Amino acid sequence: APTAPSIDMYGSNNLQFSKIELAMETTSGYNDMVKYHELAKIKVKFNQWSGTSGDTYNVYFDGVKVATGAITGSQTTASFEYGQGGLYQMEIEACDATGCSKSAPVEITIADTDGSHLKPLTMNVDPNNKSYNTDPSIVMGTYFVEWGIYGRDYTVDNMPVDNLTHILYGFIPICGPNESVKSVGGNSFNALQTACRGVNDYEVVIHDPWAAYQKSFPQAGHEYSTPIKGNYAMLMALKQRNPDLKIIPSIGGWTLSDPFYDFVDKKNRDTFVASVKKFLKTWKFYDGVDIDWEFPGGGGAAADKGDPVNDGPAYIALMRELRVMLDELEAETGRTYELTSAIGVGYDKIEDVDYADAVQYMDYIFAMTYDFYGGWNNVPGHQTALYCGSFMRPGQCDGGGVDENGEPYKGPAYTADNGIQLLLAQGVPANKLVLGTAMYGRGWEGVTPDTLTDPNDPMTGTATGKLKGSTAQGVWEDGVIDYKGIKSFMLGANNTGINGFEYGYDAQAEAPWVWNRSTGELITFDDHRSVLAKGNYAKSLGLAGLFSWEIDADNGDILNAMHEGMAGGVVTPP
């Protein structure tokens, strides 16, 4: 028989092959950094110095033949293509008429962006996240933000994945006009210019390739030479651990919505839809697409953009077009893909899209039932309430009244139920609506007792400015605080108030607050009670479930209350 092949490990890239080529140690345009191949090119060098070399070789993976070719004397290179990622025991055999001899088996890795070559991720979850047996029909969603791996120090292996059905990854930008990104400060707009170099406008890109796929995380077993690293490699390993988890890229958001306003022109929608198909074929751990255009008709970050006439029909066409493209991918892959969108729930946002039309294309609507009041002005109120608070004036709730100056309210006040009823009344199915919970507060300072028109209620006061604080307190920008910050700095373990704060609750609105009467610091947020109320409301109306913004700001209490409030409930999936 021929001499047995001896595999030249170093001549064969130590048997590590990848279907994706990712640029490391540089930041450049997306199409220069990211190259995907439907088949891996496998090249393995072997030698047969002693004896006869034979005529033909065969390559086996886990004892099954996967390739054959000719022997070329004393040194041969087996080259073939392979589609399926994984770890395999490889043997190379040489054959001629006298018989066949085979190399010792050696492990070959073929990396793919489904994580098929990876072991389940090792988790490091705060044990204050408890175990539940929520029915699997109910949505339990959250957003994980790409930048939370820096100062926020919150990584993929910190998420309480057993308690989540859907992780929305915030956020994939669209190349094009993006002046609103300058409001984040820092390198964000410039990093986007770099990512979009050589990329057509209206195509998606990765905003931060360091965080997405270059950074080595030691908890994930990454090495500098590992071919996929970052958050994305951890998300692939997380999908191996929890295969029924849905991980969905969120495109846009408040900061990154400026290109959507140009989707009135179908040519820019076609460019975008094709880029998203490409993106989902490249990053196979993703399960659909979430569109967070804030907002059709304007009212977002870009004060000079928004078309109340034309953006709704653009949004609806976008959904129709995306769903045609996702049906293509389902045909091609045999998988199921979801299409979702997070939306504004003020009456002035909902009036600009005919959701009765759009929702036929969509699996879920993530209703942004938060941010109703905030430090952008000096008017206190409940930022994430279900119902109208005590502080509101007569007629403010339904919009028929007049304000303190005699001026008509223009529409119903910003509460979750005013928005959810407007969507239900036009025929959006309850089982496609997901209700938002906040894992953060918004706040003011200067709300001292002398400013209240009702002494029992600080939401009747007036502020002098935004809440101020440090990042160790969870205050990453003035006026906003992480829930885990409110717990450590204002509530305490017993939830009765520390550091001069007192807790209160508006039982009509279903909304908690903490208030320090000395400093006038007042923070509106969601807590165990108000999230239980949201779960109960979701069970009562047959909503699909709950989601939250943003997971890194919870200490487990808010996700636990999301589950607790849904106990017993089931829903018909869309």
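The first residue of the sequence shown is number 1, and the count goes up from there. Take the two forms, superpose them, and find the largest set of C-alpha atoms that agree within 1.5 Å; that set is the rigid core.
- After superposition on the rigid core, the larger root-mean-square Cα deviation in 6 other deposited structures of this protein belongs to 92-100, not to the other of 305-313 and 92-100.
- Averaged over structures and residues, the CA distance from the shown form in 6 other deposited structures of this protein after a core fit is larger for 103-111, of the two stretches 449-457 and 103-111.
- In this entry, the higher average B-factor at the C-alpha atoms falls on 398-406, of the pair 154-162 and 398-406.
- When the two stretches 344-352 and 467-475 are set side by side, the higher mean Cα temperature factor goes to 467-475.
- Comparing the C-alpha B-factors of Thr142, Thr77, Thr437, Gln193 in the entry, the top value falls on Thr77.
- Comparing C-alpha B-factors across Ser188, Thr415, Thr453, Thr255 in the deposited entry, the largest value falls on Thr453.
- The PDB entry assigns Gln421 a C-alpha temperature factor belonging to the lowest third of its chain's modelled residues.
- Looking at the C-alpha B-factors along this chain, the one for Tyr537 belongs to the lowest third.
- When all modelled residues of the chain are sorted by CA temperature factor, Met566 is found within the middle third.
- In the deposited entry, the Cα temperature factor of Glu332 places it in the highest third of its chain's modelled residues.
- When the modelled residues of the chain are ordered by C-alpha B-factor, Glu321 sits in the middle third.
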